[PDB]
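Structure record follows, encoded as structure tokens.
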Ligand SMILES: [Ca+2]
């Protein structure tokens with residue numbers, strides 16, 4: 001599902017604020033890593049990243065592959081590809097507690113300035 005900044009801002013209402021990561025920061029990060037596509041999959045060196053939040057199958061979700069996952073979120077990766085972000089957010093929170101926003105930023109400067117540009121209208 002290709003989401004919009006506005007529908008996504010509504011669906012992320014329970015994520016915004018967790019570990020002090022704001023809503024506009026999340027909209028910025030997600031646009032950059034998945035283009036708001038719940039079905040995004042990016043293949044990396046020794047793993048794949050799934051869904052809107054690009055959760056990897058090395059440590060976080062178990063993919064329907066031959067990859068041995070630590071599966072911290074205790075979730076199959078296919079559940080991170082549908083239009084229900086409920087479980088995705090559950091996992092995102094686990095990652096925030098473990099790795100922090102650093103999991104997404106990866107020491108890069110993206111989404112650091114003019115974040116107010118990312119609001120839907122109000123929030
Ligand atoms: Ca889901």
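Residue numbers (the deposited numbering): 1 to 123.
Heads up, the beta-carbon is just placed ideally off N, CA and C, and yes, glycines get one too.
Q) What runs of the beta strand (DSSP E), each 3 residues or longer, lie entirely inside the segment 22-75? A) 41-44 and 47-50
Q. When you compare only the Cα positions, how much space is there between residue 104 and residue 60?
A. Taking the first residue of the chain shown as position 1, residue 104 is located at position 104. Taking the first residue of the chain shown as position 1, residue 60 is located at position 60. Cα-Cα distance, rounded: 13 Å.
Q: Can you tell me which of 4, 18 and 6 puts its alpha carbon nearest to the alpha carbon of residue 90?
A: Counting from one through the chain shown, the residue named residue 90 turns up at place 90. Checking every option, the nearest Cα to that of residue 90 belongs to 18.
Q: Could you please go through the chain and list the residues whose beta-carbon is closer than 6 Å to any non-hydrogen atom of ligand 1?
A: Working through the chain, the matches are 79, 80, 82, 84, 85, 87 and 88.
Q: Rounded to whole angstroms, what's the CA-CA distance from residue 93 to residue 13? Just pull it up for me.
A: On the chain shown, residue 93 is found 93 positions in, with the first residue counted as 1. On the chain shown, residue 13 is found 13 positions in, with the first residue counted as 1. The alpha-carbon atoms of residue 93 and residue 13 are separated by roughly 13 Å.
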